[PDB]
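A structural walkthrough
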Amino acid sequence: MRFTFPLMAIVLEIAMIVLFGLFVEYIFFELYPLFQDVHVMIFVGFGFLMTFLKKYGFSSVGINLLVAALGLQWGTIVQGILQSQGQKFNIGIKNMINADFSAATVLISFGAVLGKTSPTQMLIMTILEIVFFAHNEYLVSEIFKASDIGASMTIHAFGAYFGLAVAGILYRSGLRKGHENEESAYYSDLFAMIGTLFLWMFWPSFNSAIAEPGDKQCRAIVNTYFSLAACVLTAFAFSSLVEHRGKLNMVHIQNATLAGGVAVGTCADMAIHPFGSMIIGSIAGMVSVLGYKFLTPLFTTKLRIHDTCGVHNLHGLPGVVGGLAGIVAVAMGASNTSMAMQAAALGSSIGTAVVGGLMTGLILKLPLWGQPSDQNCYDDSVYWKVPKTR
Amino acid sequence: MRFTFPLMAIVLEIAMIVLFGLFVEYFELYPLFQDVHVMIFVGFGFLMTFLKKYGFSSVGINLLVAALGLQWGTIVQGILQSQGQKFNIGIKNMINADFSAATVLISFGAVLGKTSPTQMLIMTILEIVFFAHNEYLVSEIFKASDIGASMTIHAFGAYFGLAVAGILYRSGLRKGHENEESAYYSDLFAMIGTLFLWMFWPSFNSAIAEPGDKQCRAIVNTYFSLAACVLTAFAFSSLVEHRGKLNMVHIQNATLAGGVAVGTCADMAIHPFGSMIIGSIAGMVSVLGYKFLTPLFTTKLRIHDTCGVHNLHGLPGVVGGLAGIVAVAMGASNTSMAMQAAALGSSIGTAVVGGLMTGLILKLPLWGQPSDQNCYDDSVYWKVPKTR
Amino acid sequence: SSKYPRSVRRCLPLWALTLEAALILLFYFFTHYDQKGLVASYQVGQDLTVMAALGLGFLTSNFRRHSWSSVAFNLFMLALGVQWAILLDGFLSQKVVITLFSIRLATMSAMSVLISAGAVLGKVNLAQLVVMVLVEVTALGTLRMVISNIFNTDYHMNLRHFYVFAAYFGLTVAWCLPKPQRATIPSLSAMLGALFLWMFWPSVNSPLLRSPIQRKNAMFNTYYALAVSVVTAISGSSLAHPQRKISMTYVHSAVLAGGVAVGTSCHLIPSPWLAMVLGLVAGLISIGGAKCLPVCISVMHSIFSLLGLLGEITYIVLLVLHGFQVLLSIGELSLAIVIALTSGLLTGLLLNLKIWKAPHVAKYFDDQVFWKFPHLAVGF
Amino acid sequence: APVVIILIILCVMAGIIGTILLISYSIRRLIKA
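First things first, this report covers the structure right here in the doc.

Scanning chain D for helices and strands turns up 1 helix and 0 strands. Viewed in the frame of its principal axes, chain D has a C-alpha envelope of about 50 × 5 × 5 Å. Burial status across chain D gives 27% buried among its 33 residues. Accessible surface, chain D as shown: approximately 2400 Å² in total, 82% of it carbon and sulfur.

Structure (structure tokens):
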């Protein structure tokens, strides 16, 4: 009613404390440099990337921080339980890098329903989506034994289609034509560029954190580096191509420049060669810009699925492209493991994302969590004390 | 033609892909690489965002130019190292690619607000070739000690940009422009880049140093040089302004001159007191340059420097080169002193010649240069939101 | 008197250049130079430098018209404090051998002053901040030397009291000052600073520690306590506000509640559940302080002091599990508090001197006092 | 020899851009009139 948000948060935190006491007990100083970069990615790049809205910066960054902070505690619990099969487990550096990858998935899903959800809905969505993501990624990594070190399938596509399903269930008829608060500002776009640049710079550590030390980790770093390099050029070119009068659009520069890093995730550690990584990045940037120009209006107006940040065009379509690139790389002899398991991992990721997002959105659609009205969407004043001056 | 920029970008990307296919083959330096990467893409990107109506172009063209630059510099530097043969891509190649991107961004700081993205792509492509040839000359022919690259990066980029801006001189912008003015929150955003550059500069000066004593000496010298440079820059910024006011341009830029001027002597045994003296002189020179020499260049020499990158990179770069010459003369290094002097002179001359050639190429009215009225405006190339 | 600021074109340049020349001469006369894990050791201090500059500079930049001064003065104070802390730690713990570890300790000592300056930013000019930096670094070094002489602990390991010392020093200096708001974009920049402080803090409560196990256990304890404190602080901000809304300034203040709570005893917490419990307790205490302290100058500094004393108390409790030791540790805490209050009183008395050309009380939190702006009438 | 290769690459890129721009300008001058 008025105490639902703090009460749910304190109950969840006490539950996390009890679960940590029940199950959690205490190379590290080697992967810690890369963990710090992923943490900087999770808590700054996603946090400020979604602050492009002119009246939703506070909620964007604060709910990003809250969601990721609860995620690193819930993802640790669930992933450790799944790996240990119900027994007590010890936490090392890799255990806290996977918990920031679960937080990344939840933030990608948050990017779809941004501006139209309450913090209570975000708590519930984090709790459910971490369980669904962890089960799907355990399936992919251990049952299918697919090679998804950069997680184009388990993280990016999963979160994008999860958020699409949640936004589809939480569809608002009043926001289909548009909203007055759903537009960017100059300094909000500068903060979004802060987030974009941090994600872009630290993505190689994101892709190469869990990779096997030695040749595979170096290959992941190099491939992500040059894929992002190609993606920036192609994203700028196609943003100038598709927009009116050749004017660059800041949404394209803020989002589509990371599509190369998103798409090279599955093929990060494989011997796809730097030219192959650059080709993947160029194609991903072109696909992301074309998606932002054409498919997002089609998703919003025709399919009744509104995507606030366009996380489909950044995480899903480049994620599916990354899964297809992994299948092709397996076909072209660039790595071990079968094509069939890569295809099964991609299909299971998409399907589990859709089903879990449907269930989570159904739970979120209940009139209990204080979701805003159609008038108050993309407005910080619903939950935050906004200063008078900008 | 509005299709010049996407066509050129696509052609350049395809060329980079082909070159990486033809010439390129397949970890304790990775954190230093990440620090340099953060410097290149955030510090320089936001340092130039002080203009109230050019933040979008500054940060976006920084990202685009540096992204093209890392690939093109990788190819060119690898070709120069391997004498036209294939080469493996390690962490050092990525660090040197970011260094080439840094040089191009330093040059871009001079003509910010008066150039198109197409002109920036062309300038990047030509400047990388000139810079990499000069760097190969200094590193392998003269074999000078420039581990912080005061002469090969900062001075080279500064004088390259000065020559380009001199060729691209506009008579209508010599007395100022209404859009060439900073804003409050724009300066607040520029402080982000200033702080990131200041914090991560020791890794910039110690990334490719020899492991052991030289790397630690580079780190410590850069740190203390910056520490002294901040205090002296604040003092002289208060000194040169009316009623002791602090100018935001000085605090944004001149606080970083200590890292530039200590670059040549970073790995040398110049002692922390020597590094502090170098940083203090660098801060004083940078503030004096911003106060007096920039209007002199703009009005009398007809060379307009938008970000004042001369006072940050050229004069501190020349100071660092002369400091290297002196330190070799004082026995702090086992390099030749005449080689250090030759490196400084060759860097300056190659920068000037390459800047003249590139500026002559860029003056062709084909790349979509903005009019004199529309300079320092994002609306020429970007979709600008209605509100701030 | 006149509310228009007096000219500092001769005070500030002379003062700063004299300080820099004295530091250069002292480094020449008293300092000296001198592997496999050089990068790994250098990253602990680079993280401390990142926090000290960026997070502590932007965290206090939340003011409507004081962001420039906050960021630039924080940078200046860090630059002066690191050098003076190097020199003082050399002079009080023995020439001075400069290493990465010594730079790390000097960065911690400067972080103490930067945390203290949050209570006085917007009410002092640059010269007063120089005086505060010098006096606070000297007082912290004196406190560490006294504790090392009395309780036979190491001088460098006595730097653990730095947060509570900083809190009480800042409280006292702010109290001695003459007696006398936000915007969206400065609050977002302050959020950036608070995020950087929160993300790397696990690295602040692990520098003094040397054993890798103690360092691993400290990072793990601070990373989970900070997350449980962030959740608690963001959730409970609605309760401790008259308008029942989330306050961004309170979030900026109370993100580090768990890190401060377990800062002194992170290496002695054996299981993550206890660290999460301490983080939850710190978050609830922060909510209570936000709702309670304004009833009885800066509120965030008061909650910082409460967090520091709570962390000290839980350090006392967790020292016994891992009758005379309790009394000795309470004596350490009392001596640190007494020295902090006395040095804060001395600093506030010095800062009230008319020679510093302090701004008028009607010009507080205004960048127009210190910074050049266009289209302004200049001079009398 | 590396200098020759770099100059050759620059010549190829410059020739491609110049030929495309020349074709575009010729088509424009033939089409506008």
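Take a positive patch on the surface next. A contiguous patch of positive charge on the surface is contributed by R176(A), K177(A), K302(A) and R304(A). Residue placement: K177(A) occurs in the loop between α6 (152–169) and α7 (186–208).

On the surface, a nonpolar cluster with roughly 660 Å² of combined accessible area is contributed by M1(B), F3(B), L7(B), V4(D), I8(D), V12(D), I16(D) and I20(D). Take the nonpolar patch: its biggest share by element is 5 residues, from helix α1 (residues 2–32) of chain D.

Our focus in this paragraph is helix α2 (residues 30–47) of chain B. Residues and elements named next belong to chain B. The terminal C-alpha atoms of α2 lie 24 Å apart, and with 18 residues this matches the ideal 26 Å at 1.5 Å per residue to within 8%. Most pronounced at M39, the bend in α2 amounts to some 30°. Of all 18 residues in α2, 18 are buried; the element is thus mostly enclosed.

Turning to empty space enclosed by the protein, a few remarks are in order. Space inside the largest cavity adds up to approximately 220 Å³. Lining the largest cavity are 20 residues, with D37(A), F202(A), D35(B), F200(B) and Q46(C) sitting closest to its centre. Elements supplying a minimum of two residues to the lining of the largest cavity: α2 (28–49) and α7 of chain A, α2 and α7 (184–206) of chain B together with α2 (38–59) and α7 (184–204) of chain C. Its residues assigned to classes, the lining of the largest cavity comprises 13 nonpolar, 4 polar and 3 charged.

To continue, consider the packing of aromatic side chains. The full count for this structure, using the stated rule, is 61 aromatic pairs over all chains. Taking 5.0 Å as the distance between ring centres and 50° as the angle between the ring planes, the aromatic pair formed by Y4(C) and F380(C) counts as tilted. Assessed through its relative accessible area of 28%, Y4(C) is described here as partly exposed. A cation over a ring is seen here: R65(C) above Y184(B), with NZ or CZ 3.9 Å from the ring centre.

Turning to the nonpolar core, a few remarks are in order. The biggest cluster of nonpolar side chains holds 415 residues, and the ones touching the most others in it are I40(B) and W198(C). Looking at this core, the element that brings in the most residues is helix α3 (residues 67–92) of chain C, giving 16 residues. Discounting residues that sit within four places of it in the chain, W198(C) has contacts with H39(A), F43(A), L65(A), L72(A), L226(C), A227(C), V230(C), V255(C) and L256(C). With 12 residues, the next largest nonpolar core counts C229(B), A261(B), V262(B) and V328(B) among its residues.

Listed per partner, the contact involves 58 residues of chain A and 60 residues of chain B. For the chain A and chain B pair, buried surface summed over both sides reaches about 5300 Å², with 76% attributable to carbon and sulfur atoms. Per-residue buried area on chain A facing chain B is highest for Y186(A), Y225(A) and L233(A); these three make up 15% of the total on that side. Applying the counting rule to chain A against chain B returns 1 salt bridge. One salt bridge connects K386(B) with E183(A), and the closest N-O pair in it is separated by 3.2 Å. Between the two partners, chain A and chain B, sit 18 residue pairs in polar contact. Elements that contribute at least two residues to the side of chain A that touches chain B include exactly α2, α7, α8 (215–242), α9 (250–255) and α11 (274–302) of chain A. Looking at which element gives the most residues to the side of chain A that touches chain B, the answer is α8(A), with 18 residues. For the side of chain A that touches chain B, the class distribution of residues is 38 nonpolar, 11 polar and 9 charged.

Right, let's talk about the interface of chain A and chain C for a bit. Listed as interface residues are 54 residues of chain A and, on the opposing side, 52 residues of chain C. Elements represented by at least two residues in the side of chain A that touches chain C include exactly α1 (4–23), α2, α3 (57–84), α4 (93–110) and α7 of chain A. Residues belonging to the side of chain A that touches chain C are distributed by class as follows: 39 nonpolar, 10 polar and 5 charged.

Turning next to the environment of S239(A). Residue and element names in this part refer to chain A. With respect to the helices and strands, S239 occurs in helix α8. Look at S239 and you get buried, because its relative accessible area is 0%. In this structure the C-alpha to C-alpha distance between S239 and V251, which are 12 residues apart in sequence, comes to 9.3 Å. Excluding residues that lie within four positions of it along the chain, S239 makes contacts with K247, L248, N249, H252 and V289.

Rules used in this analysis
Residues numbered from 1 in each chain as written, not as in the entry; some residues may be left out. Chains lettered and ligands numbered in written order. Part of a larger assembly, values for the part shown. Heavy atoms only, no water. Residues with missing side-chain atoms left out of burial classes, pairs and counts. Helix = DSSP H or I, 4+ residues; strand = E, 2+ residues; numbered from the N terminus. Buried < 20%, exposed > 50% of the residue type's maximum accessible area, 1.4 Å probe, protein only. Areas by Shrake-Rupley, 256 points an atom, 1.4 Å probe, with all protein chains shown as cover. Patch = residues over 30% accessible without salt bridge, like charges linked within 9 Å, V, L, I, M, F, W, Y side chains within 5 Å. Salt bridge = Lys/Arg side-chain N within 4 Å of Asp/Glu carboxyl O. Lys, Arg positive; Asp, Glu negative; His and termini not counted. Charge placed at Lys NZ, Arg CZ, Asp CG, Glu CD. Expected span 1.5 Å × (residues − 1). Bend = angle between axes of the 7 residues up to and from the residue. 1 Å grid on protein atoms, 1.4 Å probe; cavity = no way out; pocket = protein on both sides within 12 Å on 5 of 7 lines; lining within 4 Å. Points joined across faces, edges and corners; volume = space filled by probe spheres on them. Nonpolar A, V, L, I, M, F, W, Y, C, P; charged D, E, K, R; others polar. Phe/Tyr/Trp six-rings, centres within 6.5 Å; stacked < 30°, edge-to-face > 60°. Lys NZ or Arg CZ within 6 Å of the ring centre and 35° of its normal. Core = buried A, V, L, I, M, F, W, Y, C linked by side-chain atoms within 4.5 Å. Contact = heavy atoms within 4.5 Å. Buried area = accessible area lost by both parts, 1.4 Å probe. Polar contact = N/O pair within 3.5 Å; in protein donor to acceptor, adjacent residues only side chain to side chain.

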